[PDB]
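Below: one structure, written as structure tokens.
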Amino acid sequence: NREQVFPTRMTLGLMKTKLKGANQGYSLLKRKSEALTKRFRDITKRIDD
Amino acid sequence: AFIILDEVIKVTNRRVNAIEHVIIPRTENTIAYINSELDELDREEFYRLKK
Amino acid sequence: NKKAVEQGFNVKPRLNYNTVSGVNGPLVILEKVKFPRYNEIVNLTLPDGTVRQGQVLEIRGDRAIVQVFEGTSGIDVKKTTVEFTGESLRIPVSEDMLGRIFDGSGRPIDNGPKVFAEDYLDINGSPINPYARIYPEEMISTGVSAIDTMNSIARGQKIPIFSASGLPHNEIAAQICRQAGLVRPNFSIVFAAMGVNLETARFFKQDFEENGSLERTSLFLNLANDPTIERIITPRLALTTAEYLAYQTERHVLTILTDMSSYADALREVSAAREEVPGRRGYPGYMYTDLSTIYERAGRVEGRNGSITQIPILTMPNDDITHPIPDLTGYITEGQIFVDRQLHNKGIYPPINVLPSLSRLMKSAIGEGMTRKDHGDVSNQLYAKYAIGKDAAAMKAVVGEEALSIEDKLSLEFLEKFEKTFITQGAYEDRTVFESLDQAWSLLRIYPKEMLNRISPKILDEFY
Amino acid sequence: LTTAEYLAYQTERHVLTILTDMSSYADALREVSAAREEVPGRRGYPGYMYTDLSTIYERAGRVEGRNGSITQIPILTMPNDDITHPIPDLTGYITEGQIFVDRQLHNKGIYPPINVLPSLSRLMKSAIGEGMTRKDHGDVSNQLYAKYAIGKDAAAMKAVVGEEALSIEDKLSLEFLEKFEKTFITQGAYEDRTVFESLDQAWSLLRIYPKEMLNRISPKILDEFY
Amino acid sequence: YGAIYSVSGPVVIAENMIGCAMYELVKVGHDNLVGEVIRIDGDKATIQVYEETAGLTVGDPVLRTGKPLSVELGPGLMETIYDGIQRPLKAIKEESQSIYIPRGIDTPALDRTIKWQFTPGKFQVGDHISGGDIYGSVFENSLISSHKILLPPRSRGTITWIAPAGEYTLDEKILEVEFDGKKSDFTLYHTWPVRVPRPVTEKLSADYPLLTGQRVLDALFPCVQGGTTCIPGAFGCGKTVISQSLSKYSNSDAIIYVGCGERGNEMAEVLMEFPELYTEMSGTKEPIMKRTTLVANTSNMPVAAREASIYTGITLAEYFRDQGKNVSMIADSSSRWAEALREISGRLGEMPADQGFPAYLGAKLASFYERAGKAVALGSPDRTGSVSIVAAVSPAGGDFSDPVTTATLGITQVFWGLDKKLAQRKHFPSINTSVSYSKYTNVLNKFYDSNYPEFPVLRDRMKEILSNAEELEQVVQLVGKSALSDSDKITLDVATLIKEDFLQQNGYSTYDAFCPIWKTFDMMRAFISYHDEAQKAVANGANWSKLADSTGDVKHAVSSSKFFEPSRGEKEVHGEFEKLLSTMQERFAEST
Amino acid sequence: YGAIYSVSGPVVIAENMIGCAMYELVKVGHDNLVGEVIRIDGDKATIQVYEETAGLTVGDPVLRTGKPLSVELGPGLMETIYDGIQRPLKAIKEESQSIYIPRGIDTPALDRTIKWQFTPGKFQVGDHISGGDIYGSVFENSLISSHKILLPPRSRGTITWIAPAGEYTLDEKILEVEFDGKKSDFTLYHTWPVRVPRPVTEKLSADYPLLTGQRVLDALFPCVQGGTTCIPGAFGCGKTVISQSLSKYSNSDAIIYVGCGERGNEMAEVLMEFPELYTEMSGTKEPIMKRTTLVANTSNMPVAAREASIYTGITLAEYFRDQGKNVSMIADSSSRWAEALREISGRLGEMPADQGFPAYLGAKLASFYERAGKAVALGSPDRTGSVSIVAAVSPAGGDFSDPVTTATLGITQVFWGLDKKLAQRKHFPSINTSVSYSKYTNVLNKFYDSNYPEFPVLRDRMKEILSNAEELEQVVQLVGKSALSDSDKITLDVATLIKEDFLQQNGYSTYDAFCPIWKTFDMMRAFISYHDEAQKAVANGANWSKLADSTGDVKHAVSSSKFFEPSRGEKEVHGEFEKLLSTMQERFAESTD
Ligand SMILES: Nc1ncnc2c1ncn2[C@@H]1O[C@H](COP(=O)(O)OP(=O)(O)O)[C@@H](O)[C@H]1O
Ligand SMILES: [Mg+2]
């Protein structure tokens with residue numbers, strides 16, 4: 001339930017950078033999933049037509 | 001296009017869930033533990049300086 | 001008959017030391033002390049007439065560093081008068097303590113008389129001889145399935161209740177006290193509140209009164225308003241009373257030490273008042289020993305029919321096992337009952353997460369003789385399948401519900417019907433251990449006979 | 001601050017003290033504290049840095065009988081580009097706002113390299129009003145902040161879902177972000193922009209949006225100024 | 001008497017101080033700077049002076065007050081503005097004619113020049129008197145009339161002489177009590193040590209609620225007179241609205257607002273807004289300041305003052321509780337107080353415990369919160385006051401993992417949870433219903449069954465509706481919204497209506513300034529009845545879109561249930577709510 | 001006899017005590033509390049007493065024994081329980097008639113009333129005798145027969161008189177040595193200072209394995225007879241149960257179970273269960289307790305006595321090694337010993353070093369763990385004993401970064417790390433197969449080649465399977481199981497089977513309480529053969545899902561091999577395993593066909 005990181009100030013900064021990047025990637029990928037799902041709904045409607 | 005798009009959407013949703021439920025909690029727990037250990041080292045240094 | 005009376009009929013004058021060298025924090029230092037003891041509880045008289053008790057902690061030549069439980073506040077060099085009793089802190093105990101409410105330091109707040117002492121026992125106590133101990137092998141049917149089947153409390157067990165700040169640990173502890181009883185045949189509860197809220201103390205007192213336990217309960221209430229230094233001695237006083245009533249009276253005693261987190265916070269405050277080692281998270285390096293002198297007063301002894309079961313109620317700060325209070329208490333005590341905020345938010349009562357919970361004294365005190373043959377295998381299998389359920393729930397959250405296998409789906413169903421129907425209980429519902437085991441066998445019969453790999457083949461054939 | 005107190009309160013004039021390198025001031029506090037036998041606090045700085053910074057900062061403020069004011073621009077220097085450091089933490093506790101200078105903006109040649117997303121003034125509603133500034137100030141600032149956040153989101157979104165798949169409210173927002181960073185935030189070091197000229201530039205930036213899109217602006221101000 | 005021996009920053013060592021007590025306030029220096037005694041080593045007595053210590057030379061006399069840090073309890077505490085040390089800011093400004101606080105200013109904490117009307121109590125000469133007994137009454141304000149004069153809790157004995165009715169300045173003798181020697185002479189005031197809680201005969205259970213007026217606060221997350229709550233208290237979260245409401249629209253007969261380390265312009269804002277308040281307790285509008293005592297305490301004040309601000313406030317609240325008045329204490333910037341305590345601990349050199357906070361922070365917080373509660377006041381006559389502590393945590397660094405925030409959340413039974421995002425979304429009072437909670441519902445069930453029996457189940461069902469709507473919103477974000485069933489659509493619509501009308505209360509608006517408990521109960525009844533009617537219509541098989549089209553009138557009536565004015569009150573609003581329930585049932589049934 | 005100057009916690013600074021050496025045993029107080037001198041600041045001499053300091057007064061006399069803390073070695077201890085300062089708890093209970101240990105009770109460490117049948121050794125009158133030479137033997141009990149009486153080290157000379165065969169107490173003279181014209185009288189017992197290790201002729205490389213009985217400990221991370229061991233883990237991980245099972249079922253001839261900072265109910269459980277258990281060694285069923293002695297120091301006992309208990313236990317183990325017996329000392333918690341050291345250092349006022357633990361903690365641990373090792377005893381006749389140290393380090397907070405854990409891992413050779421995620425969900429032993437290691441596999445290759453040749457290759461295959469499946473488990477937790485290949489599916493399934501059946505060993509069931517070396521080897525053979533057969537069948541082209549559906553019976557038979565009773569004998573069970581493998585091969589061939 002954690003990462004085997006040696007406690008250090010540099011390691012703390014690296015892990016904060018990792019958390020910020022992961023949050024940014026999570027928001028970006030959630031928005032991309034929403035956009036792709038809108039495109040997918042359009043695609044399936046065109047499939048029915 | 002429908003099949004490829006569905007596969008890509010499944011992969012992307014899986015990766016979003018994986019991030020939000022593993023990477024964010026694991027990194028947050030690592031941050032908390034590193035902060036606690038840094039506070040512990042600071043407290044040990046404080047006690048040594050007090051001595 | 002009893003020769004302890006003869007030494008009682010002796011009067012010992014006490015020296016009143018107006019010589020107070022200095023005072024700092026909670027520590028008041030005396031000078032010109034004539035042969036100071038190491039734990040002589042003194043009676044320090046304030047200039048205003050208030051009398052606060054204190055015990056010396058370090059005694060250099062002609063010097064004694066007294067810490068006062070009520071606090072130094074108001075102590076003046078010129079007017080304070082400190083008399084040395086010449087003996088360590090001794091609680092006046094008797095069989096009449098049962099049914100009386102005492103303060104943090106043992107002074108009766110029940111509006112009744114001072115306890116008519118039958119003996120004066122040192123609160124610090126003595127270690128029980130390990131050769132004189134008896135391994136607790138008598139199961140207690142607490143009535144709650146999560147503690148009786150998954151875990152198991154013996155009679156001499158000292159299993160605490162790990163919980164967070166807002167969890168219903170108090171309601172669980174009161175449930176155990178009102179339902180505790182030997183599986184194969186009463187408990188004189190000794191309750192020690194340390195820094196609890198008035199609401200918590202009132203709840204415990206009202207529960208005992210309404211369940212009738214107040215006729216056999218001796219409360220040692222140390223509220224949050226009470227001084228923070230006598231939280232150190234409140235569990236000592238209650239445990240000395242319990243040790244008396246158990247070993248020297250042959251009464252089975254439940255010792256409920258509420259807010260051991262508050263006790264340990266008082267311990268850290270006392271340590272930080274001195275130049276003590278900071279241990280981990282600021283708690284003293286001797287914390288383990290202190291908590292040992294608290295917890296290890298439980299257990300049964302050879303030749304004496306009494307027993308003491310300690311159910312300390314911890315308050316983990318951030319619901320973290322790794323915190324020093326839960327870690328040290330788990331290292332010392334003989335198990336733990338892990339109250340879970342996740343299950344409490346889910347709405348389950350009792351909110352016991354059985355995975356972090358454990359009981360050393362299940363090994364013996366469950367089996368073919370104490371209860372039915374299948375209990376150990378059933379508990380092991382239930383633990384395994386509950387963990388598989390939690391892991392499969394995490395996998396479902398990560399990668400959707402379709403990717404799960406048949407085993408994962410079965411394990412999710414088991415998890416749902418185990419948390420919903422087995423762990424969950426009413427506040428006043430008591431389940432016999434056999435009924436709990438039958439529910440457990442229903443939950444295992446969710447599975448096919450092949451997947452119950454922790455069940456022995458004979459038990460599985462005879463019980464499936 | 002003693003000079004500021006004198007001028008503002010015994011002379012009735014407005015001051016605007018501009019302190020510089022309060023990180024250097026905290027280092028001097030560290031040196032002075034360790035000159036005595038004081039044990040270092042959280043990050044080596046004394047435990048009373050909160051008190052010292054509180055005195056220095058709260059030396060300012062308006063008063064009742066005197067028609068003078070003192071304003072402060074402490075101007076910190078964050079050591080490792082973090083707010084968790086004691087100097088920024090305490091400065092944010094005592095003070096009443098933040099203005100953030102960003103390395104990302106500085107590396108793009110944008111002067112002043114101030115990013116308006118982390119920066120805020122808690123007392124902005126009082127300063128930006130109708131009798132003060134011009135009556136569109138608050139709504140214009142809120143709209144600029146919202147559209148700048150949308151511009152950053154769209155800039156991150158373009159490299160993920162392509163430029164074409166962006167909505168109109170994302171493409172126009174990208175254009176607004178480019179014009180905002182390269183013309184509004186980007187200010188000549190010796191270019192004096194009054195509040196009215198800056199607000200006119202802000203309206204010029206906002207005018208690329210049709211009036212229907214500007215939603216944080218009140219209808220009356222939108223109908224009058226657009 | 002005493003004399004200075006060593007000055008190294010705030011810490012001062014004074015020699016020739018034999019007989020000086022611990023934590024006792026001493027007048028340090030020729031300017032009579034106030035400081036307490038930290039430790040004693042023989043003659044010496046380490047003193048931490050409160051004000052700035054520059055200029056104190058060796059040989060400066062150190063007069064010993066003889067008493068610990070004490071609150072100046074008496075008439076004239078009500079509409080004054082104080083600090084942590086309880087120094088009158090208005091009187092200091094008037095006396096010094098300067099915007100600054102002169103160093104070592106010793107203005108009396110209560111107005112001695114003002115004359116108070118004193119009416120002797122039931123006690124007469126020769127009758128026994130005990131601590132906390134009311135031996136007189138003083139007319140102080142219009143909101144707070146008959147400011148009951150209390151014998152000091154420690155004092156007791158036989159009454160020797162009691163002053164007759166008339167006007168008497170706070171500093172002159174009012175009562176003489178002989179207890180093994182008539183050494184007691186009592187004025188209109190008494191001094192009580194701040195750290196020592198004022199004793200009570202018995203501390204009852206907090207049963208009656210604290211009706212703050214805000215619908216969400218007094219419906220879903222209620223607080224009790226004598227209960228302790230918590231508030232995030234961050235910037236731009238509605239903390240001002242919550243404080244204003246609790247100050248003027250609550251049940252409290254008195255208000256103690258403490259700042260304990262707030263920012264200068266925030267203090268300016270609160271001390272400029274509170275005198276502008278008006279509470280319509282009587283027919284004529286009168287200021288809320290007539291019943292609200294301020295402890296104004298910025299960051300320039302001594303760290304000792306900032307650490308003692310909440311203690312002084314709770315002692316004032318305890319005093320007004322001993323008079324039988326329900327008191328509400330708003331402890332803004334509790335964390336600021338914790339930071340001041342940490343700074344004091346660092347000055348001591350005491351070992352840090354967690355994140356640098358002292359070892360005893362949790363114990364001090366628990367004791368301070370336990371000092372709050374309903375209690376029957378000491379001595380005769382029997383009267384039961386209560387102290388409510390509403391402490392805005394204002395976490396340091398914007399995180400709830402701080403030791404002080406964790407301790408406050410654990411100890412306080414109610415968390416009201418102002419939401420910064422919801423406040424930014426133009427919502428008031430911006431209460432995050434997902435994280436806010438109240439543990440006083442179990443004890444309030446008695447009052448609710450006594451007055452409004454269905455209110456607990458109504459609020460529980462409203463919380464269930466909101467939680468189900470959150471789940472349905474998550475589902476509608478994950479997949480298509482139209483895939484949701486009719487029941488889910490009704491849940492979403494009714495919960496959106498509840499958020500818009502029931503939860504969003506406009507303080508500025510006249511109709512929603514203070515919604516009484518009866519009107520809140522009636523609105524809960526109306527909303528739950530509308531939800532039940534919609535659920536019954538769905539069960540009947542009617543399309544939800546058609547049902548909404550037909551019952552738009554009932555929905556408009558439910559929305560206007562906000563707009564019903566509590567000015568008429570009592571049966572007029574209740575009767576109109578009874579009529580609204582009849583219309584809702586009829587229109588819903590007609591659509592079927 | 002000096003006075004007392006200060007009593008702060010467990011340390012007692014004693015004034016007017018010039019002439020007291022470092023680590024000299026003293027009798028502090030009127031109750032004669034046993035203590036050891038730490039510092040000597042002139043006249044004063046700081047003393048760490050091994051009893052409770054409550055009631056000590058300034059001025060109370062302190063006597064200087066003139067000796068270091070000395071354990072008492074000889075017949076008697078084998079089946080007893082002690083108290084760190086080596087006070088027999090049984091004798092204390094009988095003498096005091098109370099359930100508490102009296103303060104400053106001075107009961108002899110070894111019972112003097114018992115008469116031991118002494119048979120003189122090969123040394124006769126006039127023959128030169130050196131330190132550690134065996135001049136006789138006594139019958140301690142049924143299991144420890146011929147408890148060889150060793151002449152104390154550092155003592156040499158010519159035997160002037162040796163007692164004949166008969167029954168003697170410990171006080172009676174047994175042998176007399178003349179050295180440089182000075183006669184020395186030797187008895188059945190002799191005291192040895194615990195701090196100084198007992199001398200040996202030459203320490204040897206350990207080559208025989210210490211059969212713990214646990215499957216994972218025996219196969220994956222083996223330990224030798226004479227090798228140090230460490231078992232870190234949080235509370236509830238299983239270090240205590242692992243230690244108790246090792247003491248019950250190890251092949252070591254003698255067990256020294258040391259309890260430092262361990263709850264007394266564990267000592268009671270040992271004292272109750274060990275007599276019921278029986279050892280198949282010595283040709284007859286003899287109780288385990290006849291070869292196990294306990295050095296019990298409960299957590300609530302005096303703080304300073306934990307170090308004394310460690311040293312007493314290791315010195316008893318060294319004595320039984322010098323007798324030629326393969327001993328295995330088991331410290332309950334070297335971490336609790338280290339916590340006691342930290343408490344003493346903080347009471348003294350020394351520099352905290354790391355986490356408050358004194359700066360000499362690493363050196364003390366290194367010395368204590370270097371006490372262990374296979375060695376030839378000091379004197380004739382030639383014999384080769386050993387001492388294994390299985391010490392359960394208990395980290396604070398469950399983090400293996402603790403100073404005591406790091407120093408213990410630096411000094412030890414075997415790491416049986418415990419995972420709490422496996423401690424929960426009842427997966428004992430909770431040995432974390434990833435971090436755990438054992439550096440004795442290279443030296444045990446000889447034993448494996450001698451007895452079970454395929455043991456190292458099967459063990460390496462199991463380690464590879466577990467590591468590969470751990471990587472695949474990370475991959476599947478990240479991106480699901482759809483991407484994994486067939487062989488990946490077999491690897492994951494077989495490793496889950498291994499963890500559920502082979503590694504998971506219930507120490508309190510009849511079948512898996514003690515899995516012997518041959519049963520563990522057969523089970524590795526079965527599981528590895530199952531993995532190989534599944535891999536071969538899938539490589540032949542059979543779909544893994546259908547193969548699993550068809551061979552569920554074989555998988556259940558493999559998983560149920562842990563239920564085979566070791567009591568049935570090696571011949572009977574090995575036949576059952578051979579039949580299981582044959583039927584497994586037939587079933588896999590039929591499924592493939
Ligand atoms: N091999 C095993 N078989 C069965 N149960 C075990 C085994 N190892 C440990 N346990 C269980 O773990 C529990 C905790 O004991 P243990 O973890 O050994 O104490 P410690 O916390 O000192 O390590 C015991 O109740 C025991 O039932
Ligand atoms: Mg253990």
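We name chains A, B, ... following the order of the structure tokens; residues begin at 1 in each chain, and ligands are numbered from 1 as shown.
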Sort by chain and increasing residue number a table of all residues of chain F within 7 Å of chain C, each with its closest pair of atoms and their distance in Å to one decimal, counting only C-alpha atoms, and write it as a Markdown table.
```
| residue | atom | partner | partner_atom | distance |
| --- | --- | --- | --- | --- |
| F:5 | CA | C:61 | CA | 5.2 |
| F:6 | CA | C:60 | CA | 4.3 |
| F:7 | CA | C:59 | CA | 5.5 |
| F:8 | CA | C:58 | CA | 4.3 |
| F:54 | CA | C:38 | CA | 5.5 |
| F:55 | CA | C:38 | CA | 5.4 |
| F:56 | CA | C:38 | CA | 5.4 |
| F:57 | CA | C:37 | CA | 4.3 |
| F:58 | CA | C:35 | CA | 5.1 |
| F:59 | CA | C:35 | CA | 6.7 |
| F:89 | CA | C:131 | CA | 6.0 |
| F:90 | CA | C:131 | CA | 6.1 |
| F:99 | CA | C:129 | CA | 5.3 |
| F:100 | CA | C:128 | CA | 4.7 |
| F:101 | CA | C:129 | CA | 5.8 |
| F:235 | CA | C:331 | CA | 5.1 |
| F:263 | CA | C:332 | CA | 6.3 |
| F:264 | CA | C:130 | CA | 5.4 |
| F:265 | CA | C:135 | CA | 5.9 |
| F:267 | CA | C:130 | CA | 6.3 |
| F:268 | CA | C:135 | CA | 5.6 |
| F:269 | CA | C:135 | CA | 5.6 |
| F:299 | CA | C:292 | CA | 5.7 |
| F:300 | CA | C:293 | CA | 4.7 |
| F:301 | CA | C:127 | CA | 5.9 |
| F:339 | CA | C:285 | CA | 7.0 |
| F:342 | CA | C:285 | CA | 6.8 |
| F:343 | CA | C:286 | CA | 5.8 |
| F:346 | CA | C:277 | CA | 5.6 |
| F:355 | CA | C:279 | CA | 6.5 |
| F:356 | CA | C:277 | CA | 6.0 |
| F:397 | CA | C:322 | CA | 4.5 |
| F:398 | CA | C:322 | CA | 6.6 |
| F:424 | CA | C:355 | CA | 5.3 |
| F:425 | CA | C:383 | CA | 4.7 |
| F:426 | CA | C:380 | CA | 6.1 |
| F:477 | CA | C:395 | CA | 6.6 |
| F:480 | CA | C:399 | CA | 5.9 |
```
As a VMD selection string, could you give me every residue of chain A near chain E (at most 10 Å apart, counting only C-alpha atoms)?
chain A and resid 33 to 34 37 to 38 41
Could the residues in this selection be saved with N, CA, C and O atoms as an mmCIF file, in the first residue's frame?
```cif
data_model
loop_
_atom_site.group_PDB
_atom_site.id
_atom_site.type_symbol
_atom_site.label_atom_id
_atom_site.label_comp_id
_atom_site.auth_asym_id
_atom_site.auth_seq_id
_atom_site.Cartn_x
_atom_site.Cartn_y
_atom_site.Cartn_z
ATOM 1 N N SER A 33 -11.364 10.161 -21.909
ATOM 2 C CA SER A 33 -12.367 9.103 -21.905
ATOM 3 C C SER A 33 -13.757 9.669 -22.147
ATOM 4 O O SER A 33 -14.556 9.071 -22.871
ATOM 5 N N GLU A 34 -14.064 10.825 -21.554
ATOM 6 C CA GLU A 34 -15.364 11.448 -21.796
ATOM 7 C C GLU A 34 -15.529 11.845 -23.260
ATOM 8 O O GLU A 34 -16.576 11.588 -23.872
ATOM 9 N N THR A 37 -15.888 8.778 -25.356
ATOM 10 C CA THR A 37 -17.195 8.163 -25.151
ATOM 11 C C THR A 37 -18.284 8.922 -25.896
ATOM 12 O O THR A 37 -19.231 8.315 -26.404
ATOM 13 N N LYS A 38 -18.174 10.250 -25.969
ATOM 14 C CA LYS A 38 -19.095 11.007 -26.814
ATOM 15 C C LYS A 38 -18.948 10.594 -28.275
ATOM 16 O O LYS A 38 -19.942 10.348 -28.976
ATOM 17 N N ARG A 41 -20.575 7.187 -28.666
ATOM 18 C CA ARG A 41 -22.028 7.254 -28.766
ATOM 19 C C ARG A 41 -22.448 7.690 -30.162
ATOM 20 O O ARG A 41 -23.386 7.130 -30.748
#
```
Excluding stretch 27-44 of chain D and any residue of its chain fewer than 4 positions from it, enumerate the residues within 7 Å of it, using only C-alpha atoms, and give them as number ranges by chain.
B: 49-50; D: 23; E: 356
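Taking atom CA of residue E:102 and atom CA of residue E:172 as the two end points, the separation is 28.0 Å.
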Please return, as a PyMOL selection string, all residues of stretch 244-452 of chain C that DSSP assigns to strand (DSSP E) on the basis of the backbone.
chain C and resi 252-258+299-301+304-310+335-338+358-359
Atom CA of residue F:275 to atom CA of residue F:143: how many Å, to one decimal?
12.2 Å
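Among the candidates C:318, C:186, C:222, C:50, the residue lying nearest to chain B is C:318 (atoms considered: only C-alpha atoms).
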How many Å lie between atom CA of residue E:134 and atom CA of residue E:78, rounded to one decimal?
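Going from atom CA of residue E:134 over to atom CA of residue E:78 covers 18.6 Å.
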Go through the chains and note each residue within 8 Å of ligand 2, using only C-alpha atoms and all ligand atoms, then give the set as a list in words.
residues 331 of chain C; 235, 236, 238, 239, 240, 241, 262, 263, 266, 332, 333 and 392 of chain F
Okay, now the selection with C-alpha atoms, as a PDB file, in the first residue's frame?
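Saved to part_24.pdb:
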```pdb
ATOM      1  CA  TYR C 331       3.120  -5.976  20.500  1.00  0.00           C
TER       2      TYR C 331
ATOM      3  CA  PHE F 235       2.958  -7.664  15.706  1.00  0.00           C
ATOM      4  CA  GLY F 236       0.915 -10.693  14.730  1.00  0.00           C
ATOM      5  CA  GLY F 238       4.274 -14.927  13.393  1.00  0.00           C
ATOM      6  CA  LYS F 239       7.815 -14.542  14.708  1.00  0.00           C
ATOM      7  CA  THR F 240       6.912 -15.964  18.125  1.00  0.00           C
ATOM      8  CA  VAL F 241       5.060 -18.962  16.680  1.00  0.00           C
ATOM      9  CA  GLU F 262       7.820 -10.996  25.483  1.00  0.00           C
ATOM     10  CA  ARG F 263       4.458 -11.418  27.175  1.00  0.00           C
ATOM     11  CA  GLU F 266       3.946 -17.112  25.829  1.00  0.00           C
ATOM     12  CA  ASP F 332      12.155 -13.641  21.931  1.00  0.00           C
ATOM     13  CA  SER F 333      12.942 -10.118  20.730  1.00  0.00           C
ATOM     14  CA  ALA F 392      13.070 -12.434  16.303  1.00  0.00           C
TER      15      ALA F 392
END
```
Pick out the residues sitting within 8 Å of residue E:131, and hand them over as a count of residues only; count only C-alpha atoms, and ignore anything fewer than 3 positions along from it in its own chain.
9
Within 8 Å of residue B:38 using only C-alpha atoms, minus same-chain residues under 2 positions, as a list in words
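Near residue B:38, the qualifying residues are residues 7, 8 and 9 of chain A; 34, 35, 36, 40, 41 and 42 of chain B.
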